[PDB]
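Written below as structure tokens is the structure these notes are about.
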Amino acid sequence: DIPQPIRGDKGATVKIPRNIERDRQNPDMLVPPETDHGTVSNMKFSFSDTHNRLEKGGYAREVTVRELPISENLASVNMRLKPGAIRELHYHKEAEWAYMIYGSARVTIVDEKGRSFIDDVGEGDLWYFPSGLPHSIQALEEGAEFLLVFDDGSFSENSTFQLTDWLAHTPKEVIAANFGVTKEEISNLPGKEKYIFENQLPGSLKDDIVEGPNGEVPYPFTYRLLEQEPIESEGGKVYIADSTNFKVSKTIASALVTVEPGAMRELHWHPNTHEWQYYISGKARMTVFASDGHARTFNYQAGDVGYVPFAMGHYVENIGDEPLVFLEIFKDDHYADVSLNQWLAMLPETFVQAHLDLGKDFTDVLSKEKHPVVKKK
Amino acid sequence: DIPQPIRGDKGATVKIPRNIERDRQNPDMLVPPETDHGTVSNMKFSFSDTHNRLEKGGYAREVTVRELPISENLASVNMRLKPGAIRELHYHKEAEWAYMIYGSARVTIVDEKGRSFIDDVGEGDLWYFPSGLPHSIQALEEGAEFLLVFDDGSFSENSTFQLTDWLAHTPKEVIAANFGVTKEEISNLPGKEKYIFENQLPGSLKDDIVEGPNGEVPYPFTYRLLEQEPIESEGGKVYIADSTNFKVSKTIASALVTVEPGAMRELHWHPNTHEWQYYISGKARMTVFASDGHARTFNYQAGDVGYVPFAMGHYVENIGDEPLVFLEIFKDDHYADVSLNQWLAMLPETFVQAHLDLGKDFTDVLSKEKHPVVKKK
Amino acid sequence: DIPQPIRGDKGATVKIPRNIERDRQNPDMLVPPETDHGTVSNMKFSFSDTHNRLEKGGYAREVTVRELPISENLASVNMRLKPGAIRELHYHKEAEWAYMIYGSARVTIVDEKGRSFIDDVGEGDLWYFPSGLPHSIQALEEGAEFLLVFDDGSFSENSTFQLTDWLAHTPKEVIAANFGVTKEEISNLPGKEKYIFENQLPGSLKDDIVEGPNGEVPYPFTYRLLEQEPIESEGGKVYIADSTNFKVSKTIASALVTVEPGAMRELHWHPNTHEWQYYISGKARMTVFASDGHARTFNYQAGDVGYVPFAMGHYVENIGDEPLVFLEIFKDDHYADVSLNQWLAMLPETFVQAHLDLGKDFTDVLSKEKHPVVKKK
Amino acid sequence: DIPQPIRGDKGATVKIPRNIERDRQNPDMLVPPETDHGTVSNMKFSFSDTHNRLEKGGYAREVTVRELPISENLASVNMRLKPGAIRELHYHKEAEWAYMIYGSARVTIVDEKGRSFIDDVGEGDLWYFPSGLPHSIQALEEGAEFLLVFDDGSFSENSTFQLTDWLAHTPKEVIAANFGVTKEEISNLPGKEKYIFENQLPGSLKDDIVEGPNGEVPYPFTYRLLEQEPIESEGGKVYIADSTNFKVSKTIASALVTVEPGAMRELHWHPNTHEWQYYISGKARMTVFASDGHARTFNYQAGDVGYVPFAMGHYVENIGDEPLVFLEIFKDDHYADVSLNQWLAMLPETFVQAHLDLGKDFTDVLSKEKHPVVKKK
Amino acid sequence: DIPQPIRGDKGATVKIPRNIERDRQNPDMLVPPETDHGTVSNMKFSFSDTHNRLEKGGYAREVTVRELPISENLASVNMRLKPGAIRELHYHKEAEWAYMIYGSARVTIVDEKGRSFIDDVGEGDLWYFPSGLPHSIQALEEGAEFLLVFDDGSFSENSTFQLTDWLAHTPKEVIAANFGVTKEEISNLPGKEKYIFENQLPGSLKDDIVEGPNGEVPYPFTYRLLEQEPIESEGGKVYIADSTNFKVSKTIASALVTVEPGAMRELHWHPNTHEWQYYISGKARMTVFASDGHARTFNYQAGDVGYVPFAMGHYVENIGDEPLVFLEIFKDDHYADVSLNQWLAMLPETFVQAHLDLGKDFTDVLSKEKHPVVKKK
Ligand SMILES: [Cl-]
Ligand SMILES: [Cl-]
Ligand SMILES: [Cl-]
Ligand SMILES: [Cl-]
Ligand SMILES: [Cl-]
Ligand SMILES: [Cl-]
Ligand SMILES: [Cl-]
Ligand SMILES: [Cl-]
Ligand SMILES: [Cl-]
Ligand SMILES: [Cl-]
Ligand SMILES: [Mn+2]
Ligand SMILES: [Mn+2]
Ligand SMILES: [Mn+2]
Ligand SMILES: [Mn+2]
Ligand SMILES: [Mn+2]
Ligand SMILES: [Mn+2]
Ligand SMILES: [Mn+2]
Ligand SMILES: [Mn+2]
Ligand SMILES: [Mn+2]
Ligand SMILES: [Mn+2]
Ligand code: NA
Ligand code: NA
Ligand code: NA
Ligand code: NA
Ligand code: NA
């Protein structure tokens with residue numbers, strides 16, 4: 001039950017003190033496929049290996065370019081809110097995309113024309129807040145836990161502007177002049193940020209809707225991803241949300257992938273941009289093919305972030321007994337992939353045979369229809 | 001009448017030789033608000049602190065990233081022309097935006113389809129010359145003084161291509177072949193650039209219009225900013241020109257702001273890009289809130305450049321007895337701001353109260369209409 | 001037995017699928033000290049989270065700037081050799097430092113004057129190979145497992161030049177001319193690299209010494225670290241090797257630290273350069289103080305790499321029941337530290353009291369002698 | 001009395017609102033020499049244009065690469081302390097050099113061998129604290145005001161580690177273990193930094209000297225610059241301190257220059273590194289010659305920072321009625337200059353004549369002795 | 001006689017218009033060795049492919065990082081002077097090293113203590129001018145042509161400060177004050193640089209020596225390379241000059257290599273830094289081995305610059321009927337190489353046999369003495 005880095009006549013037993021628990025989580029890294037080769041950047045990081053900021057009302061932990069340097073364009077926060085607790089009104093330079101994993105929450109956003117959008121989001125729903133637009137989150141009666149993705153990997157403390165922090169660092173006489181009140185009237189303003197704070201549960205959504213002289217926002221900032229019809233194939237399902245259906249989501253394209261036991265996200269690549277991954281549940285392995293005979297295999301499980309640099313070939317195999325559920329995230333205005341199977345199926349069979357040194361028995365199995373998740377025979 | 005860096009029981013008298021004239025211009029820097037905190041980049045530079053290039057016909061001085069390093073994307077020239085004097089036919093890699101502060105001038109531009117645009121510009125008018133399109137300026141009978149803004153902060157001698165400089169560094173036999181003339185016919189070409197040169201006043205605009213086989217340009221390269229209806233609020237006026245109304249101005253969005261004595265440009269931020277400022281007249285202070293409890297206050301007066309990095313919160317207060325007039329410049333295709341007041345006004349009042357630890361007496365003063373310049377009570 | 005990110009009235013239970021095994025390894029990251037604050041880069045990475053290259057004869061895995069981006073100046077390989085197995089003759093652009101954790105090995109090196117050094121290294125011994133000098137490793141009868149440290153964090157496949165790889169990519173006619181032999185005489189050269197390969201155990205060291213016309217090397221390339229007298233203090237021992245005693249080790253300074261249960265490497269910083277850490281055995285926590293009120297705590301155990309950026313304050317506490325053993329590595333020609341205790345002990349007591357708002361009862365405990373590892377009372 | 005940017009038939013009157021006070025301070029920038037040409041970076045910045053941090057006990061303001069981007073390698077703080085006030089025990093990644101302009105202070109420093117140095121510094125004295133060594137400043141009965149120079153232009157809040165800040169962000173149980181005390185015994189530690197704080201005047205220096213088991217420091221960390229014999233020439237004096245006489249000052253070389261009215265620091269350049277300048281008193285102009293026909297003239301007065309990039313030719317002329325006093329600072333282990341006069345004096349006269357198209361009447365005035373400050377005839 | 005890119009059954013005839021003259025110069029690039037592989041940067045550039053600056057008195061052309069981007073640290077000028085012509089008094093930020101290929105010249109230099117050095121240099125002699133020290137060159141009765149090497153690859157117009165250019169961009173009143181003369185006395189100064197200018201031949205060297213009050217320079221700035229005893233081996237000679245024998249040459253190490261027909265500079269690498277090459281005469285090929293199975297072969301002839309990045313393996317084979325003469329240049333304080341032959345000769349023979357899969361017949365030919373240039377059998 002003690003694994004060793006041995007493959008046939010290659011490798012040897014570990015002779016120094018070691019981390020057996022981590023080795024058991026990484027079987028394809030302690031003993032990689034013999035087809036791996038060459039230097040490839042790290043493509044895997046666990047939220048469990050990050051500092052958790054604890055507050056009255058919840059917590060937040062992040063995986064950024066300071067943890068996973070291959071991911072320069074995207075960063076992520078795992079945030080948790082207790083029932084009624086508020087993530088303080090704030091904004092960022094980055095656009096923010098979110099997936100609700102557990103529970104439910106009410107969000108607010110106001111746009112640059114002064115129009116307000118207030119909505120409740122449940123498990124499987126998304127939101128997207130464009131760069132610089134101010135927003136808040138308040139958990140409902142079950143609390144909430146969700147994944148935030150920001151479209152800059154350097155996301156840091158310097159990215160986020162909190163309402164009470166701004167006011168605490170503005171001269172009181174200027175605040176008073178701004179609103180037409182006296183300094184005495186604003187003397188009870190907080191002296192520092194709140195960030196996350198406890199609060200009574202709100203009332204019904206309909207009671208919170210604020211009417212305004214500038215009308216309704218043209219497009220909603222939330223999306224019910226799991227209410228859409230997925231792409232179904234023999235081994236699982238894919239739900240896609242990008243700017244073509246979730247109209248406001250102009251800089252983030254996303255897919256939720258479910259892979260049954262014994263199934264795999266097929267060999268494919270993305271012709272548009274890098275892939276950022278979050279593993280919601282289950283256990284996987286992925287080989288990233290990096291060109292020029294370079295390839296490296298990684299293991300993932302719940303709580304891990306993954307990455308596939310622009311156009312590298314890859315697959316995602318379920319290596320456990322439970323369903324594998326993960327997100328594919330892209331900094332682009334649409335989702336796009338090329339399927340290895342479909343590519344070859346759409347070429348003259350003798351041309352494919354000339355490449356692969358295989359016969360009609362192989363080209364006969366190719367499918368001109370794309371099946372993103374396939375089931376083992 | 002000698003100011004000292006003392007605020008209550010903090011600070012002390014200056015004991016070394018000092019610049020009292022500059023200290024008097026910078027009262028909120030010698031004695032900042034107690035709400036300032038932390039390292040913030042310099043956001044202020046005076047044209048009076050720059051080298052002035054003097055020529056027969058006028059002068060030019062510039063504030064670039066070599067003077068104000070926070071402004072990497074935008075640079076500016078203050079240029080002056082005597083009556084009739086010509087800024088030599090030239091082009092740049094950068095797009096050029098201009099505001100006519102004093103006097104009037106005739107501009108020419110030819111586009112990449114060979115279409116010509118010639119127009120007169122007066123006080124309060126703009127022009128915008130897209131990258132690489134060749135142009136000239138000639139002052140009319142009052143002379144002219146104007147502000148140029150270029151959409152690269154590294155604007156330098158290497159950005160600008162002058163007609164006579166190009167010809168002076170082209171083999172004479174090639175020039176002759178290009179035009180179908182002899183070398184003798186071009187022997188009087190200048191041996192070096194002119195840049196700015198004296199000239200007789202031109203005739204009437206209508207006599208200068210050149211008709212061509214390629215027709216008129218589809219959109220004009222000048223704009224009468226001060227002839228537009230401004231946004232009026234209790235303390236001043238805002239005139240906006242961006243690509244939605246000044247159609248050719250695709251990379252520069254602008255606003256001219258006037259703030260009466262006792263008034264202020266309200267607390268706001270820009271959700272799209274950095275703000276570059278030029279102070280035409282009057283005296284101001286601005287606090288820039290940089291997130292994570294960082295804030296710094298700056299003083300400005302006529303001839304100063306200011307800056308607000310992308311999405312930082314700010315206000316601009318008139319601290320003098322005369323109107324304050326300044327420009328807000330953005331490298332983007334539209335102007336956008338979020339008002340702190342309007343943001344909070346469009347949220348449920350009890351939610352705002354929970355954030356600010358203030359009551360209904362405060363939320364009752366919030367306005368759902370945006371008022372960019374407010375008047376002190 | 002299921003840990004939760006809860007500290008008093010802060011934090012909450014985890015509601016999404018999670019990595020409980022990693023959470024148990026990182027108790028001070030799931031529940032940090034309340035004294036932590038602010039954004040700090042990741043300072044921790046496990047060799048168990050890396051791809052292991054398996055060969056006939058052993059294995060090698062690496063932690064580089066592609067895994068741990070804060071460590072730009074230093075990278076490391078964990079290498080294992082079976083009895084008699086050879087790490088092929090090679091050289092690198094980087095200098096190489098090594099610590100023998102398990103077993104023993106014979107090394108060779110030849111310098112730029114053609115002088116050879118051949119020696120056996122056992123547990124607790126070091127070697128240092130200057131940049132560009134060619135070397136080899138061959139394990140003896142117990143095999144060997146050791147830590148290599150290279151003085152560039154970007155250490156990659158492109159850093160290392162193998163004997164047989166060079167020859168395989170040199171025209172055969174040039175090799176033949178170089179050595180004065182025929183192409184037929186070199187026809188059996190390998191067609192690709194070996195890297196690590198199995199081999200019979202060598203004979204006695206004395207039989208391998210090669211005499212040469214250029215004499216002996218002036219300084220040895222191996223060092224018996226654990227044969228030196230350590231600095232002993234109440235809670236452990238420190239063995240230092242830098243260029244002042246291990247003369248050739250000009251770019252790497254090192255210390256082996258042992259910390260008994262209930263003891264800690266005291267609060268200190270390094271005034272010369274960054275610290276790179278490898279945890280040989282045991283379990284630790286460290287808080288890195290990053291200035292300006294920023295601090296973050298990390299957990300470490302056997303197989304982990306740590307890091308402390310230049311001059312940040314830190315301590316290393318044993319949080320387990322077994323001894324804690326780790327290496328402190330520095331890219332410099334000497335080891336240097338400043339002790340917080342010794343610093344304060346060497347100042348006037350009333351001056352220290354004025355800083356700390358503590359009395360003579362505190363300054364009486366300060367020690368003017370440096371004790372690098374202290375024991376809890 | 002209103003200056004205009006007019007030189008003969010070049011330039012014109014200013015027609016827009018302007019800063020006449022700054023124009024009067026910058027006569028050679030409003031009206032440059034006709035020999036100036038081309039793009040040259042800004043080489044001038046005033047401490048009066050910076051934010052002043054006010055505390056109980058004094059103030060501090062800084063000029064860094066964020067203000068003066070040409071100065072990437074050096075930054076400076078103007079710091080003021082009231083009588084008895086303390087600049088809190090701290091250290092930096094950067095080396096620190098200082099010149100005492102007004103008053104006097106006591107400094108402490110402890111080195112990496114635990115040796116203490118405590119000394120009083122008066123007007124005209126220097127100190128130098130090597131990178132990472134911890135130190136403090138306490139003003140004596142006159143207070144103190146001084147110039148600090150740090151050998152990295154990016155000097156920021158993140159450069160400096162304060163004693164009480166470190167302790168406030170260290171777990172109390174770790175502090176207690178570090179010193180062998182209880183948590184109750186350290187319960188009164190400050191919760192945040194002090195930075196600068198008021199304190200009673202100290203006793204006599206001799207009473208503060210702390211004896212230690214590690215002996216005295218080998219070289220002193222203070223230097224009496226104005227007690228040295230200066231280089232005297234017809235128009236002023238130069239006092240040099242570099243690592244050849246102020247032995248510890250390995251990364252900063254300095255000169256204090258005094259220039260009488262009607263005198264000038266002669267035409268020269270530095271063959272080793274960039275020059276950073278601080279103007280203590282008086283009024284100057286300097287032309288920087290940047291090669292390839294580029295040159296720009298700058299004005300300076302008390303409180304200004306100047307700069308001369310590596311090897312650019314320059315002079316510093318007194319343009320006022322009082323003595324001109326300034327510092328020349330270099331990030332190097334020695335001071336070096338080449339004098340234009342001495343250079344030409346040491347060449348064959350007919351060779352110099354062939355270059356300059358001048359005769360023996362000119363070469364007869366050249367001097368083979370270097371005179372750094374010359375007096376007008 | 002028309003070469004084609006065909007090697008056995010690989011390659012094909014060229015079907016498009018082509019440069020047959022260049023193909024004939026590059027036989028090992030049109031048809032590389034089959035042992036070449038992979039992407040390798042360009043390592044070859046011809047002075048004949050550069051712009052030649054022509055002046056009255058000579059010419060100058062350069063190969064810099066703008067031509068050969070792999071060479072970031074070193075750049076070179078081929079300069080020619082007619083009899084008596086002068087390269088104008090000047091200095092640079094870079095150190096300058098030179099090899100006299102044709103003719104002879106007189107150089108001057110003055111150091112930072114005002115000491116002068118004047119000397120004549122002939123064919124095969126060197127000079128080295130440290131950074132920032134001012135110098136001149138004047139050809140004697142045969143004229144001169146020489147190679148300059150500067151220790152920054154970005155060497156450009158902005159690197160060099162000319163005497164008359166500096167004076168032309170300094171206010172006349174400042175020049176007059178600097179020297180104690182009137183403006184009328186300097187009215188005939190040149191209005192622009194000379195750079196290279198014609199002049200009468202100088203007198204005898206002894207008549208030019210300028211005596212000074214500061215004594216003689218401690219070390220000479222010229223070196224007679226070809227008067228030294230070379231390393232001789234069967235196929236050629238190597239003359240080395242670095243800071244250990246040419247004492248002032250602290251940043252440039254050099255070797256002049258002569259390779260007879262049928263000989264080769266042996267397989268070796270440099271453990272210290274990059275190699276920069278200039279081919280004085282003859283024809284060569286070199287394969288650069290770049291690690292990880294990458295290698296590329298280049299052709300060189302008179303007038304070419306070559307390069308070998310730090311530690312890459314290489315050889316230089318004479319592929320013509322005349323001697324091959326080239327320079328090896330290094331930015332370091334010493335020359336160092338490792339010989340492949342000597343390396344293997346200094347190891348146990350059975351250990352080498354185990355690596356190469358060759359027998360005693362091969363290890364018997366290895367030599368423990370280094371022979372830098374070997375002759376084919
Ligand atoms: Cl206030
Ligand atoms: Cl409402
Ligand atoms: Cl011509
Ligand atoms: Cl016409
Ligand atoms: Cl061959
Ligand atoms: Cl032997
Ligand atoms: Cl505690
Ligand atoms: Cl004591
Ligand atoms: Cl003059
Ligand atoms: Cl003489
Ligand atoms: Mn957010
Ligand atoms: Mn994918
Ligand atoms: Mn223009
Ligand atoms: Mn604004
Ligand atoms: Mn090695
Ligand atoms: Mn340490
Ligand atoms: Mn300090
Ligand atoms: Mn100087
Ligand atoms: Mn030169
Ligand atoms: Mn070589
Ligand atoms: Na990073
Ligand atoms: Na800059
Ligand atoms: Na990296
Ligand atoms: Na800067
Ligand atoms: Na280049």
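Please note that chains go A, B, ... in the order of the structure tokens, that every chain numbers its residues from 1, and that ligands are numbered from 1 in the order shown.
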- Query: Which chain E residues are at most 7 Å from chain C (counting only C-alpha atoms), as a list in words?
  - Reply: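 The complete set of qualifying residues is residues 33, 35, 36, 266, 267, 271, 272, 289, 291, 292, 293, 295, 311, 336, 337, 338, 342, 343, 346, 347, 348, 356, 357, 358, 365, 368, 374, 376 and 377 of chain E.
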List the spatial neighbours of residue 275 in chain D as a PDB file with N, CA and C atoms, in the first residue's frame - criterion: any atom at most 7 Å away, only C-alpha atoms, same-chain residues fewer than 5 positions off excluded.
ATOM      1  N   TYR D 307      19.817  64.886 -11.529  1.00  0.00           N
ATOM      2  CA  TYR D 307      20.355  63.611 -11.990  1.00  0.00           C
ATOM      3  C   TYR D 307      21.178  63.829 -13.249  1.00  0.00           C
ATOM      4  N   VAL D 308      22.243  63.043 -13.384  1.00  0.00           N
ATOM      5  CA  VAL D 308      23.044  63.025 -14.610  1.00  0.00           C
ATOM      6  C   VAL D 308      23.290  61.566 -14.969  1.00  0.00           C
ATOM      7  N   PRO D 309      22.625  61.033 -15.990  1.00  0.00           N
ATOM      8  CA  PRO D 309      22.884  59.650 -16.395  1.00  0.00           C
ATOM      9  C   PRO D 309      24.356  59.429 -16.709  1.00  0.00           C
ATOM     10  N   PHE D 310      24.804  58.202 -16.423  1.00  0.00           N
ATOM     11  CA  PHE D 310      26.154  57.684 -16.616  1.00  0.00           C
ATOM     12  C   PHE D 310      26.862  58.291 -17.818  1.00  0.00           C
ATOM     13  N   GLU D 328      26.746  65.483  -4.737  1.00  0.00           N
ATOM     14  CA  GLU D 328      26.862  64.556  -5.864  1.00  0.00           C
ATOM     15  C   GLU D 328      26.931  63.147  -5.286  1.00  0.00           C
ATOM     16  N   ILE D 329      26.003  62.277  -5.686  1.00  0.00           N
ATOM     17  CA  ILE D 329      25.896  60.938  -5.110  1.00  0.00           C
ATOM     18  C   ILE D 329      26.014  59.900  -6.218  1.00  0.00           C
ATOM     19  N   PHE D 330      26.753  58.819  -5.942  1.00  0.00           N
ATOM     20  CA  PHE D 330      27.020  57.778  -6.931  1.00  0.00           C
ATOM     21  C   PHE D 330      26.872  56.400  -6.307  1.00  0.00           C
TER      22      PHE D 330
END
- Item | Expected selection as a count of residues only for ligand 25 within 9 Å, only C-alpha atoms and all ligand atoms | 11
- Message: Give me the residues near residue 249 in chain B as an MDAnalysis selection string, where near means some atom within 7 Å (using only C-alpha atoms) and where sequence neighbours in that chain fewer than 6 positions away do not count.
- Response: chainID B and resid 128 242:243
- Shell around residue 280 in chain A at 7 Å using only C-alpha atoms, local window under 4 positions removed, as an MDAnalysis selection string: (chainID A and resid 302:303 325:326) or (chainID C and resid 17)
